[PDB]
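A.B. asks: return atomic coordinates for the entry below.
(one chain, ligands or ions: 6)
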Amino acid sequence: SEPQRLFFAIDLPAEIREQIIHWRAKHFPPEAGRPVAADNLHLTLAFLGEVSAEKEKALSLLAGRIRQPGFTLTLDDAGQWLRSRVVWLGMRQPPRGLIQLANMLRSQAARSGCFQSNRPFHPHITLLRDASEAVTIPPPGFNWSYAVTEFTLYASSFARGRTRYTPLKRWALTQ
Ligand SMILES: Nc1ncnc2c1ncn2[C@@H]1O[C@H](COP(=O)(O)OP(=O)(O)OP(=O)(O)O)[C@@H](O)[C@H]1O
Ligand SMILES: [Cl-]
Ligand SMILES: [Cl-]
Ligand SMILES: [Cl-]
Ligand SMILES: [Cl-]
Ligand SMILES: [Mg+2]
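C.D. replies: Residues are numbered from 1 along each chain as shown. Ligands and ions are numbered 1, 2, ... in the order given. Find the structure here:
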């Protein structure tokens with residue numbers, strides 16, 4: 001019925017999310033940029049844009065065909081992209097499983113008509129937006145490492161000046 005704005009993502013366990021926001025607060029004054037709400041911290045795998053109900057169902061079926069092992073993420077990197085004005089967390093050497101999962105979902109989208117940026121996948125978790133000015137970036141905190149067991153399809157909506165993500169479907173990572 002409803003045409004929705006969709007994306008696939010990896011989520012953060014609550015403890016790591018709490019560590020990230022504490023570290024962010026400690027190292028980045030309000031002036032440095034607009035903080036992403038704690039609940040909204042995530043790692044995007046594929047952005048689908050505006051998707052019809054019929055297209056969403058077809059993409060969800062394809063997502064449900066994916067078979068691959070889970071993997072461990074360890075966030076050992078942080079940086080700023082002036083181009084899109086964000087400060088982010090990431091990995092120096094992302095696990096093969098993450099790259100493969102992202103490529104798979106993007107490939108499924110593209111083959112389904114959903115335009116995908118030719119820009120090489122750069123997995124990241126945005127912490128600050130509208131960070132239009134260069135700022136000092138400390139290394140991430142110690143031991144921000146966890147097992148990824150699932151990925152999730154989200155819908156994105158905006159009202160009241162706050163963006164909300166609503167989970168639609170989840171899939172476990174299984175061989
Ligand atoms: N054109 C795009 N290409 C790749 N990823 C995108 C694109 N647009 C959005 N995303 C990513 O998909 C996720 C959802 O984005 P969306 O634009 O719906 O909400 P948002 O960026 O959090 O909120 P807002 O755009 O209102 O500030 C975000 O992680 C975003 O960075
Ligand atoms: Cl937010
Ligand atoms: Cl950087
Ligand atoms: Cl981003
Ligand atoms: Cl720096
Ligand atoms: Mg956006």
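
A.B. asks: and the gap between the closest residue to residue 144 other than its chain neighbours and residue 86?
C.D. replies: Nearest non-adjacent residue to residue 144, counting by C-beta to C-beta, 6 or more residues apart in numbering: residue 75, 4.2 Å away. For the C-beta atoms, the positions are set from N, CA and C on the backbone; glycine is no exception. Residue 75 sits 15 Å away from residue 86, taking C-beta to C-beta, to the nearest Å as the criterion.

A.B. asks: swap in residue 112?
C.D. replies: To residue 86, residue 112 is 28 Å away according to C-beta to C-beta.

A.B. asks: go on, residue 55?
C.D. replies: 28 Å.

A.B. asks: mind listing what's buried in stretch 24-35?
C.D. replies: Buried residues in stretch 24-35, counting neighbours by 16 or more other C-beta atoms under 10 Å, are found at 24, 27, 28, 32, 33, 35.

A.B. asks: hmm, stretch 19-27 in reach of ligand 2?
C.D. replies: No - shown here: stretch 19-27 not in contact with ligand 2 (C-beta under 5 Å from the ion), separated by at least 11.5 Å.

A.B. asks: could you do stretch 84-93 as well?
C.D. replies: No - shown here: stretch 84-93 not in contact with ligand 2 (C-beta under 5 Å from the ion), separated by at least 11.8 Å.

A.B. asks: count the neighbours of the residue of the chain found nearest ligand 3 for me.
C.D. replies: Of all residues in the chain, the one sitting closest to ligand 3 is residue 79 (2.8 Å; C-beta to the ion). By the measure other C-beta atoms under 10 Å, the count of residues near residue 79 is 12.

A.B. asks: next one: the one 4 residues further on
C.D. replies: Under the neighbour criterion other C-beta under 10 Å, residue 83 is assigned a count of 6.

A.B. asks: how far away is it from residue 170?
C.D. replies: In terms of C-beta to C-beta, residue 83 sits 32 Å off from residue 170.

A.B. asks: next: residue 33.
C.D. replies: 30 Å.

A.B. asks: try residue 147
C.D. replies: From residue 147 to residue 170 the distance is 15 Å (C-beta to C-beta).

A.B. asks: so residue 43 sits right up against residue 10, yeah?
C.D. replies: Yes - applying C-beta atoms under 8 Å, one finds residue 43 in contact with residue 10, separated by 4.3 Å.
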